[PDB]
Amino acid sequence: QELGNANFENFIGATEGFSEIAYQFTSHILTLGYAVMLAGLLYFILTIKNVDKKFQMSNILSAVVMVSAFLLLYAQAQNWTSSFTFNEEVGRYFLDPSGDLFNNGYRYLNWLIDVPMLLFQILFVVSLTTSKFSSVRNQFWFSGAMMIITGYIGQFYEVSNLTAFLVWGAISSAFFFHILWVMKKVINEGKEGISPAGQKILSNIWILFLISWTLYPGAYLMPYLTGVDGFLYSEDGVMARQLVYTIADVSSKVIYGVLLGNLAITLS
Amino acid sequence: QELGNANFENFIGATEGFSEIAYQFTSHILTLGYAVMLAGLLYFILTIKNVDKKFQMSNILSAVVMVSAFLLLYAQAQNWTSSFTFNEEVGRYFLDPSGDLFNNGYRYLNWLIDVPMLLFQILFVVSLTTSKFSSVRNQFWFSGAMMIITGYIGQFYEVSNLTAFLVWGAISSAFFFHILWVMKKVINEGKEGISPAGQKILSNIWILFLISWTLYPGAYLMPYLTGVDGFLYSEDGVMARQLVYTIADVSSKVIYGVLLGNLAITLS
Amino acid sequence: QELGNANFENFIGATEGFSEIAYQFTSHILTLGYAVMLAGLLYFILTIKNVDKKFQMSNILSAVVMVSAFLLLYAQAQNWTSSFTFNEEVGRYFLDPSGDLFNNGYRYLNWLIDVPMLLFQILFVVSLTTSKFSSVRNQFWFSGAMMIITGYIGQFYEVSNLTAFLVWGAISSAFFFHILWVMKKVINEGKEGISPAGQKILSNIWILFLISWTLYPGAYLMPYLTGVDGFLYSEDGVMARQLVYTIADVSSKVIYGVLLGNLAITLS
Amino acid sequence: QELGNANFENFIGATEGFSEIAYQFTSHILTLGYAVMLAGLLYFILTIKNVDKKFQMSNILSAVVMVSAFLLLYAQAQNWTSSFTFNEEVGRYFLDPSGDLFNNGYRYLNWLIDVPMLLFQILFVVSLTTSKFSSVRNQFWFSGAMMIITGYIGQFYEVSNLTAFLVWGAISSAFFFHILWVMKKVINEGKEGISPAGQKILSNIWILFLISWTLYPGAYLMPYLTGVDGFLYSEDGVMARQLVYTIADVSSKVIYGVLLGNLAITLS
Amino acid sequence: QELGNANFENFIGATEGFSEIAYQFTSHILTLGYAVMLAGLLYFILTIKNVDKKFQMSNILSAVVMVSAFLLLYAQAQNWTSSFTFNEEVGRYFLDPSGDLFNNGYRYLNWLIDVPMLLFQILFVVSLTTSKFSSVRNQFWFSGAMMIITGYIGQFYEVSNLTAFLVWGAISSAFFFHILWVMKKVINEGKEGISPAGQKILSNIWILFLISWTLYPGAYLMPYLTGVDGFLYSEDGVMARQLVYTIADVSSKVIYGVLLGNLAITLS
Ligand SMILES: *C/C=C(C)/C=C/C=C(C)/C=C/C1=C(C)CCCC1(C)C
Ligand SMILES: *C/C=C(C)/C=C/C=C(C)/C=C/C1=C(C)CCCC1(C)C
Ligand SMILES: *C/C=C(C)/C=C/C=C(C)/C=C/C1=C(C)CCCC1(C)C
Ligand SMILES: *C/C=C(C)/C=C/C=C(C)/C=C/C1=C(C)CCCC1(C)C
Ligand SMILES: *C/C=C(C)/C=C/C=C(C)/C=C/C1=C(C)CCCC1(C)C
Ligand SMILES: CCCCCCCC/C=C/CCCCCCCC(=O)O
Ligand SMILES: CCCCCCCC/C=C/CCCCCCCC(=O)O
Ligand SMILES: CCCCCCCC/C=C\CCCCCCCC(=O)O
Ligand SMILES: CCCCCCCCCCCCCCCCCCCC
Ligand code: NA
Ligand code: NA
Ligand code: NA
Ligand code: NA
Ligand code: NA
């Protein structure tokens, strides 16, 4: 079977196949994912009037991310189940080409909505001090798009060209470090001249942000984290990757949105 | 045929097959399930302004659960019909591997939304007395997630490893007893210093909670409740399990939400 | 072929097959059905504030029924088209087992929502006089569920066991007569001490109720109404049954809801 | 092959097949159709408060028609693509019986919603003078249903029995002429004692009504308008018919609704 | 294989086939497209009350375009994946006739909503000076429809008749130049007697308009832009075309709508 520049799930699914647990888990975690997003959409819409008009843009942007994330995860869940089919003679699910190969790249292009809107929404809650809004916004959006695109290219080479995979991901990482550096400047300015309770929320938002956002590059490298022919180069790694995605999606999108609403309430 | 760590429906469906009644009933009860949830969604949204602002979070959380439960039951209903196909020569529905094996695990991971939100929503209606909100919330969420996850593992071994099934379910049970113990402390504190009419509603909520939540472990054990090769190890048990799920979903999600709204009204 | 406890559509569809007209009509009438329900949903939501707050629960319950009925009819419409497939050599649609057998039981379990909510909603518009609300509600809900369940069993025996079909439907009928007796007591109490215009609406609601609700048992018996091997034991009866269902669904759900809103307006 | 009482699209699709242009166009025009309807739904809902409460029923009814028309056109678009399949050896789309025969009758039964609601909605904007509302409403609804039903029968005989097709359509026409006669009486009464600007809108509504509604009988006769074996008895006529439907649907439903809102604004 | 008047994607997909990257990218970019549109729908609805009543029509029309664009892109995304299927022996996706040929014409007919509504919506924000609203509206709508229709014809000949493709596109272009000429007159009148900040936004709207709208004819010519048998006559051009569409859809529909809301805010 010639798979070409495909993701490692397809190679696992075409050789070993997936056990019931691996196949079902992956389907279940993607389903939890999209349910959280649609549930989050309703929450953010229903709580808009819980904050001053000046902060209501943050609820709106949280809802815009929820829609993107719902539609994407819903599609990816159907994509997963269409790509792998059960073989009763062996009792494992194998790659079914009729359903197309499974690709994570669906998420990446959808992050062209999520990442800009997530970085933007804090600038409608915190007040900056030494930094200008257009400048920060422009840095966030430029580096976000660069990070996403360079990463989207690399992920097509995860099995077919390991050098390319690592170089594109290295470049993507440099844009990610820049986003982190700017979000730190934003959180620190935002803490200036606000209540101790709001500085506590901004402190938590910074940890959430740092961990949740670092899960994505960790999903990118998941197959190779246990090395050459390691534990993770297998159905366990396939499960690990979609699990990490779901955790990072809930944390980076919903819980972040909730924490930002709590900060808005404290400042209202 | 090799089914592996699959649910007992697949083994019934692969050997005996399901009669028209068993197959149709199961499809009908899952359909009733998701219709109730979407109907409940609309009810909770349309009644939000029937309570004081301080209690409106409970309506919002009821609606968040409705969305989760709708999406899950809708998917599981399509999953059921895709997995079993009619054989005209024998007149029974048999496992169709093309549709994947049927798994209840879809529900379990979706309870990672439901259980936390259901336990949380009472804390926005009752007032605690000797117990601190963060502490109770944290206990509810930790034990909930532990209960769900340990149970989610066990259910994959219901046929393949009975020992594992029973040990994981035993561990899950210990977390469940802890949730019950805490919800009793919450109901009793909540009854302190409220009207006799509200204490009556909280009394009913406690019984609803106790029975509806105990149905889930009962669905978990359903195939084996009549023993080895008993009445329930059969298409009757398959019907019994999805019936019990639907009853427990309506009771634990919709009727609980309605009762909590009635309590909020009495306290408004 | 062995069909077992299936509905008479399957036996017609497996022997004679359906003409273009019979197959298309049935598909068209189910489609009209679900379109009416979704259109009704929007109407009831958009008119909620046309009545006093005390009567707005009736609009809400009308909307809850619309959702149930939409989802069910939408599913049944897809079920119809999946079960019967066109045979070009004969020019008739024949039962396709791959799509599963067609069953009316989907409606029945969905009436566990509709019947309770329809009977409940009048009690939020009329005022009872000698009758207590909990008592009436409890009678309506108990007899409704009994009527539905006993009827749901019988319909699986319409071809396979005529005795069973008739006995279960006879039992179902006794619960139906009780519902009628109670709704008469409700309408008569409700007429006491209201304007002549509202007593006219309640008079109409009672006729609507009595005819529309009696259509359901008539659909239940449809194949046999023209006797053994009569006109209706055929594709004409299949068409007749789904037609009667659609008429009764529009009358019992939408037009009833509209009439109850008109009564609420007169009492506002 | 035996097609029976089917629409002429099926005979074209089974003999000649459709060119890429004919097949794609028909799919595109049905898609435009349902997009307009869902877009219209949003417009009518968002503009409800642009008119006095007394005229807001007209916006509501416009939205009820939009839902019906959306659901129907969405279904018919999927029906079209399922019925005709591409044959690479010849490069034309041919009738695929697996997808069922294509039938226009879906629209007809859905007009049992549209026609009554469209005729009704003007009576919530104009004021009648010598004519009584119940009487006019009853005439509109009776003749509408008669027109639709007699026409729905005829369309099944467009190829199989030309005499029947023409007789049923002739009867349908007589009910249509009655609707026209009554709508003229309504427009003329409605013009009495209103501003010159509103009489201008009612003048336009009357032309819109007369042309848009006359397109439907023109679609009914489309195959035969160029005679025996004429230009229109072909894939061109198939395209012509769905084009005419889409134009008439936009005109009779959306533009009419918009014009009625403009009249309501002038009278507010 | 006889493809007839089909788009160039089908010829590429039938000869060379698409690599994983080409096939996946195209699927991903169409998915981003429809997610942006549904996310935009929510944004425009949630911000309606951020502007004076007189400008709220512009938000409504932005939302009407979002619905059209969502439904179309959602359909086209499913169309793409249905038309091309994976061949494991070669590792490329090839045209699957069962899914129908892929056609861009779906977009074109949907522009019969978008183009009129986009041109109309500025006339609800700017005030004209020497130009009459009906006159401008009528010019925009006539030329828009002419541009779209002539272009819709041409695109069916992109491979089959290059002369026809170029002549129809030339005619379409003349209507496009007229739209540009009129939108310039509108922007210049609109700038007269408004604040410097609003003239800056109108200056940006004009550039957005000019570039975003010129991308469409560029997508039309994409295969031939690198000449005879050039780089773009290939899977790269297929990717380039859908990429350009998505960029132009986001720019011309969402960002334009957002900029018009900012202008409305400055004038409120
Ligand atoms: C909800 C979506 C979010 C917050 C997405 C975030 C994505 C990243 C932070 C991606 C980062 C990557 C790298 C730093 C290297 C590897 C490639 C990426 C794109 C996965
Ligand atoms: C609406 C969803 C609800 C309330 C879900 C509740 C689930 C439980 C109480 C599950 C309990 C279990 C045990 C106590 C043991 C066996 C395994 C479980 C997870 C089914
Ligand atoms: C919209 C749904 C409604 C009002 C459903 C009503 C259903 C009945 C009144 C059913 C009655 C039946 C009998 C009296 C005998 C035969 C079995 C039943 C369940 C069809
Ligand atoms: C949006 C739906 C509308 C306004 C439907 C209108 C339908 C008609 C005016 C149908 C008329 C017909 C005849 C007068 C003769 C042939 C049969 C009919 C039903 C197509
Ligand atoms: C969101 C949709 C928009 C703004 C659509 C715009 C479409 C055009 C400006 C199309 C122009 C064309 C030409 C000028 C020549 C070739 C054919 C067309 C229709 C693509
Ligand atoms: C599996 C998906 C489950 C989704 C659950 C989402 C839960 C959202 C709640 C976020 C918690 C908000 C921050 C809590 C801080 C507590 C400390 C304090 O406020 O004193
Ligand atoms: C292809 C489908 C496109 C849908 C577009 C629908 C546009 C509907 C708007 C029509 C409003 C026309 C009102 C009549 C204007 C008369 C002139 C005047 O008011 O002076
Ligand atoms: C098949 C699913 C049907 C769903 C129906 C749900 C109905 C829930 C509505 C109300 C439950 C109220 C229970 C408590 C009643 C107490 C009586 C009292 O107030 O005296
Ligand atoms: C509420 C909707 C009501 C729709 C009823 C539609 C009834 C369709 C019945 C079709 C019967 C066709 C066979 C007889 C036709 C006789 C005339 C033509 C003879 C060739
Ligand atoms: Na699968
Ligand atoms: Na099935
Ligand atoms: Na069919
Ligand atoms: Na097709
Ligand atoms: Na594909």
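Chain letters run A, B, ... following the sequence lines, proteins first and then strands; every chain starts at 1. Just so you know, these numbers use all the heavy atoms, side chains as well, and skip hydrogens, waters and symmetry mates.
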Value rounded to 0.5 Å, distance of [atom1] in [X] from [atom2] in [Y]:
X	Y	atom1	atom2	value
A:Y152	E:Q24	OH	CD	7.0 Å
A:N103	E:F25	CG	CZ	12.5 Å
E:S27	A:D100	OG	CG	7.5 Å
E:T31	A:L109	OG1	CG	8.5 Å
A:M57	E:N50	CE	CG	5.5 Å

Looking only at non-hydrogen atoms, find the nearest pair between [X] and [Y] and report the distance.
X	Y	value
E:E88	A:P97	OE1-CG, 3.5 Å
A:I45	E:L42	CD1-CD1, 4.0 Å
A:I113	E:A35	CD1-CB, 4.0 Å

- Message: Let's go through E:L41 and A:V67 carefully: what are the C-alpha distance in whole Å and the side-chain angles of both, what is the deciding distance for side chain to side chain contact (heavy atoms under 4.5 Å, CB included) to 0.1 Å, and is it a yes or a no?
- Response: CA-CA 10 Å; E:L41 170 60; A:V67 165; over 6 Å; no
- Task: Please identify each residue that fulfils salt bridge (charged side-chain N to carboxylate O under 4.0 Å, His left out) with E:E9, with sequence neighbours left out.
- Result: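 Partners of E:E9 under the salt bridge (charged side-chain N to carboxylate O under 4.0 Å, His left out) test: E:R241.
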- Message: For A:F156 and E:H28, take the angle between the two ring planes, folded into 0 to 90°, and tell me which bin it lands in: parallel under 30, tilted 30 to 60, perpendicular over 60.
- Response: parallel
- Run the side chain to side chain contact (heavy atoms under 4.5 Å, CB included) check on A:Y157 and E:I21 step by step: do they pass? CA-CA 10 Å; A:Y157 299 103; E:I21 290 174; 3.5 Å; yes
Heavy-atom contact with chain A under 4.5 Å, split by part of [X]:
X	value
E:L38	both
E:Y93	side chain
E:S19	neither

- Using a cut-off of under 4.5 Å on heavy-atom pairs, state which of A:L101, A:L95, A:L72 scores highest against chain E.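 The residue among A:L101, A:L95, A:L72 with the greatest pair count is A:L101.
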- Pick one of side chain, backbone, both or neither for A:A75, based on which atoms fall under 4.5 Å of a heavy atom in chain E. side chain
